[PDB]
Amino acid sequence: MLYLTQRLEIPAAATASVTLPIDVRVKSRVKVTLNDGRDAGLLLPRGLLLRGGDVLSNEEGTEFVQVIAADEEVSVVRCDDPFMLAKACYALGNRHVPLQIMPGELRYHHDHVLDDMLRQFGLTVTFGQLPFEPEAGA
């Protein structure tokens, strides 16, 4: 069976790819299915956060799988004013919410309670299936 046991520090041309959500990209052992249909198992050393772009390889060196971050149910928070986001980041941080941070934009795992809370800060909160890359730590 195809087992992906390593993440190459120096990539080699991809032979396959796999599109995974953040909850799977933090597991060291688990069964996933490549985008071409073949089953495969992750057998990586623990504590690795797989980011879109990383290349996994089988023990030998004949299979190089490109990791891609899947579209996940997230909440979006956009607003020209970064100061308001800064307060949102502090609030979300205080609640330990895995968060993606980019100039002008913020996303986090869909959660109604969180949505409405920020919906009292006056913040604009939408929803959509998008790639999710939270800041390291979870």
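In this text, residue numbers run from 1 along the sequence as written.
In the PDB record, does 28 to 36 or 79 to 87 carry the higher mean Cα temperature factor? Of 79 to 87 and 28 to 36, the stretch with the higher C-alpha B-factor average is 79 to 87.
Between 109 to 117 and 60 to 68 (mean CA B-factor, as deposited), the higher: Comparing 109 to 117 with 60 to 68, the higher mean C-alpha B-factor belongs to 109 to 117.
Residue with maximal Cα B-factor (values as given in the PDB entry) among 13, 16, 20, 125: Each of 13, 16, 20, 125 was compared by C-alpha B-factor; the highest is 125.
Which one, 41, 93, 52, 103, has the peak C-alpha temperature factor per the PDB entry? Of 41, 93, 52, 103, 103 has the highest C-alpha B-factor.
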